[PDB]
């Protein structure tokens, strides 16, 4: 129903809109690393998230390093499983080239270009797909102008040769927080968005003001990852600040995916140890984070 109704997504005046020009807000879940917690990514779990939580997007977080794709490329097949499930379930899907320790997206740029060539060749005639080409550029030696923008200007053409207008999300500096610099030096492609990531354990008032600055330059922002935890993915749950961010995102038409769908013993994990990898979770099988996130999506 979601993808049939909204169809082709695009950016209009810095906003994500559907094929009839109406603003649309995506809200869903990210997997954790597919090399570690891939069992939670399947048609049945995604159907349960769609039906019971109300998700309309799913993010497939394919780590490149940390035992991910570069080390063992078999994980690309799990991305394919996820995309196919989203197509079957009529929801949107984010294909995330999930850089992190490999902090400069240029490190694996050749591999990224080949990967996105393949993905866009396979799926480029479906409206479900959103390409996230570099999760979290980070480090003082990785800047928008010198590293990230030129990387994007190599990878985007590869995608566009197969898929001329599905959305592409481009990571920003400082673990996808530096939307200010991106917004002042935007990419040419009209269907690009810049990633912004937050963790509720960080006091967020200036970060919200920076997102507003970026929006005011006409840049579109996708909150492609956020957590209820501290920035590590752990360290307690911060639901008061998470709610402030939720309300902020609603007011600003910002789409989002929550980190993450796993049973790992960390505060950001949505599931308890014991949760069935194919869905059907009772309230006792959701963590405090998962309970909150599910409520936010159901409310929406």
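In this text, rigid core is short for the largest set of C-alphas that superpose within 1.5 Å between two forms. Numbering follows the first chain given and starts at 1.
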**Study point:** in 9 other deposited structures of this protein, rigid core aligned: more displaced of 225-233 and 206-214 by C-alpha RMS
**Key:** 225-233
Exercise for review: With everything overlaid on the rigid core, name the stretch, 263-271 or 234-242, whose CA atoms wander farther on average in 9 other deposited structures of this protein.
Suggested key: 234-242
**Study point:** Residue range whose averaged C-alpha B-factor is higher in the record, 11-19 or 282-290
**Key:** 282-290
Exercise for review: On mean C-alpha B-factor from the PDB entry, just flag whether 68-76 or 119-127 is the higher one.
Suggested key: 68-76
**Study point:** 55, 257, 239, 62, ranked by C-alpha B-factor: the highest one
**Key:** 239
Check your understanding: Lowest, middle or highest third: where is residue 33 by Cα B-factor in its chain?
Key -> middle
Review point. Residue 153's Cα B-factor: lowest, middle or highest third of the chain?
Key: lowest
Practice item. Would you mind ranking residue 42 by its C-alpha B-factor against the rest of the chain and naming the third, lowest, middle or highest? Key: lowest
**Study point:** Record-listed C-alpha B factor of residue 140: chain third
**Key:** highest
Exercise for review: For residue 249, return the chain-relative third of its C-alpha B-factor as stated in the PDB record: lowest, middle or highest.
Suggested key: middle
